[PDB]
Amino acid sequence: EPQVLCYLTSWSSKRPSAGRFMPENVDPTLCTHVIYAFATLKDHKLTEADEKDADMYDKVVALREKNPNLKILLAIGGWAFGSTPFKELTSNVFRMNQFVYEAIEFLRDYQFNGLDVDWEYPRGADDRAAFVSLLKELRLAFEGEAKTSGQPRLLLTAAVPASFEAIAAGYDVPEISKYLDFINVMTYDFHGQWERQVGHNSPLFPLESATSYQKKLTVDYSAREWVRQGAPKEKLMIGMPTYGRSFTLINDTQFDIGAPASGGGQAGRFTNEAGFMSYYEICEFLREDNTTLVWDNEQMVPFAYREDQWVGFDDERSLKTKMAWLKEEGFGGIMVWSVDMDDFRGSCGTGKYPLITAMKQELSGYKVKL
């Protein structure tokens, strides 16, 4: 019963040419869940982020028409949304409750199967209580609307950080575990353009030369920290990135992990954002000349460089390494960010969706059990 929850970003539809991804481009046998990102809050009511999104919701739903057991969720929050929107929504019980009863109306109207909360991030005691308070009302009201209607309950999931620091600052793990259906651990962005050193986006294990703090910034330690803090293993969906984090090298000579960088590398031609790159953009970069491909046998992930350009990413191999690890640890499934940044056009040379397909064939036959 391993679950595969795939985030679909709404702004990928605004990509230039080949890059452009519509809910039509989703393979409905790929994932078990499709999470649309993101909605927004307007006057503390779950609402559309643009009037162009309303029809988008309709087409990400009715993917069920090609796979009737596929679940379609709406995600709110995100890295850009911030905290302040949730801090406010969460200051009076009437504001909260009303958001809940009406989000239910909003979701049931679009035929959504549930809601994903991506508050990034709660910090501090009062924030912790609010996050529990919110997920509690949502879950308990979903359980109630299941009673009072004649329908199967709406799902409640949440995206949560990987950092052991972030876990402690804003997450009552035993409590949110009780009310959440799935716990989507964002096990990526360990390193990026916000640093002046070259580091990998999502390393499974650490370098043996790493400090004891750096040894905690891995997929392995973060997932096991959540377990350590009381997260049930069958609810833990470990995040798998279909993107890499790119760097501009201060020096073309130093390309090893830890090499100085001045910032993010050249933006991808489609994603239009430095320091990051989609997988179909990675393959492009790999087919350049004098582009070197390295495999980190300690961290069990690849990275590539050309001239001053450095990128660390996940391929078919590293992700399969991660599925082997995930099954040995006994986690309930995976979470993907994002489906629209995997090679959905099979232009890397491999098949369509090489990354998510690689993880899927490796999770085949697997049953969650302790």
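Note that residue numbering follows the sequence shown and begins at 1.
Undergrad: Take the C-alpha B-factors listed in the entry for 90-98 and for 251-259, compute each mean, and give the stretch with the larger one.
TA: So the stretch with the higher mean C-alpha B-factor is 90-98.
Undergrad: Between 205-213 and 188-196, point out the one with the higher average CA B-factor as the PDB entry records it.
TA: According to the entry, 205-213 carries the higher average C-alpha B-factor.
Undergrad: Among the candidates 304, 63, 37, 334, give the one with the maximum CA B-factor reported in the record.
TA: That would be 63, according to the entry.
Undergrad: Reading the B-factor column of the entry, which of 311, 326, 49, 339 has the highest value at its C-alpha atom?
TA: Out of 311, 326, 49, 339, the record gives the largest C-alpha B-factor to 49.
Undergrad: State the tercile, meaning the lowest, middle or highest third, of residue 120 with respect to the CA B-factors recorded for its chain.
TA: Bottom third by C-alpha B-factor.
Undergrad: Which third of the chain holds residue 279 when residues are ordered by C-alpha B factor: lowest, middle or highest?
TA: Ranked within chain, residue 279 CA B lands in the lowest tercile.
Undergrad: Among all modelled residues of this chain, ranked by Cα B factor, put residue 144 in the bottom, middle or top third, i.e. lowest, middle or highest.
TA: Highest third.
Undergrad: Relative to the other modelled residues in the chain, which third contains the C-alpha temperature factor of residue 9: lowest, middle or highest?
TA: For residue 9, the deposited C-alpha B-factor lands in the lowest third.
Undergrad: Ranking the modelled residues of this chain by C-alpha B-factor as given in the entry, is residue 137 in the lowest, middle or highest third?
TA: Tercile = highest for this residue's CA B-factor.
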